């Protein structure tokens, strides 16, 4: 073999990525030898060659890339250059283009065939479905081919714009929500699309201290991992009672051990079941979803629907991993979502003003404090924002909460208060 270490990963039940690389290699090489307009017949073959060496050396052969992009955007295109340009020229440049997925990754075939036509022609022929944030990854192309790729993207019957990268609003993503799922509390797909459209400018044109991410889940199951992998997690919820169908609950009872698998598992003890009637104390309910998850034919989320906003989530750098925390217990989610947008815009203005170079929203809030955070979004502190009140009495007070005294008087006249 030319690639004996990668050949090993053609073995085993699980589909092989090595098979995907190779397949591209052969057929990009066939199309181009048989007359077709293919700019990079050897792209895929260079990358697998380089990937073989990386496996043999146990280290990357990529290096800090240079800035690059399409005319008009300052993000969406990651330059990557190989440190083996000499030996393997075809991978000397091998940039990625991040293409904006449709809401919830829903495709028709004509939409998919367009991208394949466009990528075969201007790039390596390899993709990711999908990038971790949500984007279609065009994986491998030279600087000369970027804009002409984009021009064809824009011109297809069903056209696809470039996603985000850099210190911009990144490509928002959603759970399937109401397209398939009966637990959905809002229209994930609609919101997500509308935020993408509303903030194309914030997305194509990096302006901020660092990157910002929004992800939308239709209920607390949170199937797009929003609280961990977006800065602004929009996780649907309800305020009123869980609707219960008793005929349906009884039919579970003939076979499912509800006592053990439902009643005992509720975090808050709020759901009773006696043999003939199910009783959720909704005042004690936390909307963890378990009881509905277990009993989807019988229990639905309640009628007063909306979303909890979760703030700050990020991977570790600089100050540690975050699972976002309660910023806004409940906000309405209804088109045109002016309520959500006013919180986003206020945050962005604030963060743009106060943020350090390469500081995340979550981190900024850790530095300036939640009161300032709350004043910015014009909302009030709420016990639901904390898992516990403070374990030390070192509280700041406002100058207006302060009682008139000789002291207060003596520090105004000192230039300090």
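Numbering follows the first chain given and starts at 1.
Comparing 18 to 26 with 399 to 407, the one whose average Cα B-factor in the PDB entry is higher: It is 399 to 407 that shows the higher mean C-alpha B-factor.
245 to 253 set against 310 to 318, stretch whose average Cα temperature factor tops the other in the entry: Per the deposited B-factors, the answer is 245 to 253.
Residue of maximum C-alpha B factor among 276, 305, 170, 297, per deposited coordinates: Top of the list by C-alpha B-factor: 276.
Residue selected from 349, 52, 372, 363 by maximal Cα B factor: Highest C-alpha B-factor among the listed options: 372.
Cα B factor band for residue 37 (lowest, middle or highest third within the chain): Tercile = highest for this residue's CA B-factor.
Ranked C-alpha temperature factor of residue 123 among modelled chain residues, by third: CA B-factor rank for residue 123: middle third.
Third of chain Cα B-factors occupied by residue 301: It falls in the middle third of the chain.
B-factor third for the C-alpha atom of residue 284 within its chain: Residue 284: CA B-factor falls in the lowest third of its chain.
Third assignment of residue 141 from its chain's C-alpha B-factors: Middle third by C-alpha B-factor.
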